[PDB]
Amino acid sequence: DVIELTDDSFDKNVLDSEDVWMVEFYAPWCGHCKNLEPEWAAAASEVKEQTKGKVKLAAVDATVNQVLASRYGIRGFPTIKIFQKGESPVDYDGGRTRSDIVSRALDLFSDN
């Protein structure tokens, strides 16, 4: 489903991975993040089904993982960043529909 990542777990999970990671950085009081939670989970199920985990969806609570928040310049919420092997992350620029997120995921899968 959605993997919860932390300052301590991020680099081995994500940076050292052969898989692509789409990571939502959120704050726990942020209503837009709360609204997105169920759609993020739904997208994560479909992506898992389509890619068998070659693309993973994850989340980071930026407020308690401040090394990551600083590293990736998180200045607002929610912020979704896409990580591919050996690259700096890029920002996701689509909507929260399942089709939008799954489209980006399959694009990533095709080329990874």
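Don't overthink the numbering: it's just position in the shown sequence, from 1.
When 28 to 36 is weighed against 74 to 82, 28 to 36 comes out higher, by mean CA B-factor as recorded in the entry. Of the two stretches examined, 41 to 49 and 57 to 65, the record assigns the greater average C-alpha temperature factor to 41 to 49. Based on the entry's C-alpha B-factors, the most elevated value among 100, 11, 93, 18 belongs to 18. Annotation for residue 3: CA B-factor lies in the middle third of the chain's modelled residues.
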